[PDB]
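Analysis of the macromolecular model
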There are 2 protein chains.
Amino acid sequence: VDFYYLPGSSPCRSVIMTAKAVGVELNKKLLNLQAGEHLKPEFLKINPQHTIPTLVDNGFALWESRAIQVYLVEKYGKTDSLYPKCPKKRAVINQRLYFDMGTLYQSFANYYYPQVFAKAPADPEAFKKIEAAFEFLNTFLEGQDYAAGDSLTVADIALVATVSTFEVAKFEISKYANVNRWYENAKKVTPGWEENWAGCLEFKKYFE
Amino acid sequence: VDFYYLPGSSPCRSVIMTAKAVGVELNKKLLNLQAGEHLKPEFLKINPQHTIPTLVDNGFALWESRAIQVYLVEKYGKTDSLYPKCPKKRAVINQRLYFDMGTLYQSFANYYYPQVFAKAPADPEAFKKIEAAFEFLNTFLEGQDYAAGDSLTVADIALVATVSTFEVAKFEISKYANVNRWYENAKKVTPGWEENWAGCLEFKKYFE
Ligand SMILES: N[C@@H](CCC(=O)N[C@@H](CS)C(=O)NCC(=O)O)C(=O)O
Ligand SMILES: N[C@@H](CCC(=O)N[C@@H](CS)C(=O)NCC(=O)O)C(=O)O
């Protein structure tokens, strides 16, 4: 199983943690985006959208971190604990994964990307959207130890990648008591957390 | 099965078309966002994120259109044709669903939302991102009749909702030959297309 990635990338880190939780060995292949390695003809043949993470599993090329997370559990999971067979349980996890992409991580990207990639002035209005996203996550987590069911699922792992990216960006996570509680527990129980944090500290370099 | 929605909403229309394809009757409940009906305590108890579409199915409250699409197929589909059992086939569909949210529809939102909701001047740079997204979709569709497998799947239905929203926004879809071919076929084969187009024409009012 080939894994094209960079350690700093949040979506790459979600896959690293998921693969570790599942117990599937990844052949880790650094793909240097700063060098344009993703844009070379050889990579475009694998992933024409030229994004990381990209997985190649026995001829099957797959991208989108959250699709990769689910695929790894479905194909390699000894049990379905991280992504249960029940359509209802799956739907909650799926909703949280779409929340993670389209609301939570989207708020990260909308606010921090223009600053770190375009060197633009921070938009205090986009910051309000981050706060809104955390407020929703906080409400989801009321009375709940995990984000999308009774135990750890791919939804938690995805959110851990995102929230840890916010931590290294110096966002005040502690203001959201349920998020903070969930997050601190998640660090202790999520396989691959240390490698994720190494990646977060790598990404921090964009804030220097 | 209760369905809180507005006909103009792209994510609502994906669910309408999916429910029709599956053959599941929806109790359609208009939720007037302009009135703030989604923000009332009674709705927040169902969906604390106050978004449409929201489904309530026998006590189970679910939001995120793409999660709802999959759930309807998993629970109600007579066959799994729209969302096959195979993890590999599912993964391709899942990747296309994340593409639809985070790349294609995101480009719509980034460009048109500030104009139609904030009355801001169009950003020609955000327009370039729409073109980029369509270029990726065009490449995905090379030699393919459907977006994510040999037959129509929830991925096509999601993309139909999005691309039809671009059509009513007057985006030049015909410039992307594979997208145009796929889209025109999709109109003919996708259950609920006419109701989707009615909704698109409703949304057009935001461009008056
Ligand atoms: N929605 C995608 C996002 C992928 C993504 O943001 N990858 C970035 C690096 S973190 C990338 O490959 N950028 C290079 C490019 O798009 O050309 C996912 O979750 O995997
Ligand atoms: N990612 C969500 C998007 C939901 C969405 O954009 N809904 C809008 C209307 S089209 C909404 O409920 N806005 C009201 C709000 O967020 O307060 C999905 O696919 O369902």
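This part takes up the domain arrangement of chain A. Residue and element names in this part refer to chain A. According to the domain assignment, chain A contains domain 1 (1-77) and domain 2 (78-208). On a C-alpha basis, the centres of domain 1 and domain 2 stand 19 Å from each other. Each partner contributes to the interface: domain 1 provides 21 residues, whereas domain 2 provides 28 residues. Taking both sides of the interface into account, the surface hidden between domain 1 and domain 2 amounts to around 2000 Å²; carbon and sulfur atoms contribute 64%. Contact with domain 2 buries area across many residues of domain 1, yet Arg13, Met17 and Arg66 alone supply 33% of it, more than any other trio. The interface formed by domain 1 and domain 2 holds two salt bridges in total. With a closest N to O distance of 2.4 Å, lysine 28 and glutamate 195 form a salt bridge. For the pair domain 1 and domain 2, the interface holds eleven residue pairs in polar contact. Those elements that place two or more of their residues in the side of domain 1 that touches domain 2 are α1 (10-22) and α3 (65-76). Sorting elements by how many residues they give to the side of domain 1 that touches domain 2 places α1 first, with nine residues. The residue makeup of the side of domain 1 that touches domain 2, split by class, is eight nonpolar, seven polar and six charged.

Conventions we followed
Sequence order sets the numbers: each chain starts from 1, possibly unlike the entry numbering, and residues with no coordinates are not included. Both sets of labels track the order of writing: A upward for chains, 1 upward for ligands. Hydrogen atoms and water are omitted, and side-chain values are computed over all heavy atoms in the structure. In this document the domain limits rely on a domain assignment from an automatic tool or a database. In this description, contact between two residues means that some pair of their heavy atoms is separated by no more than 4.5 Å. Computed with a 1.4 Å rolling probe, the buried area is the accessible surface lost when two parts are put together, summed over both parts. Whenever a carboxyl oxygen of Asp or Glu lies within 4 Å of a side-chain nitrogen of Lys or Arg, that contact is scored as a salt bridge. Any pair of N or O atoms that falls within 3.5 Å is considered a polar contact. Within protein, one atom must be able to donate a hydrogen and the other to accept it, and sequence-neighbouring residues count only if both atoms are side-chain atoms. The way it works is that DSSP assigns letters per residue, a run of H or I at least four long becomes a helix, a run of E at least two long becomes a strand, and they are numbered from the N terminus. Polar here means any residue outside two lists: the nonpolar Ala, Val, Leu, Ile, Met, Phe, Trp, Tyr, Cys and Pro, and the charged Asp, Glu, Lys and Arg; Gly therefore counts as polar.

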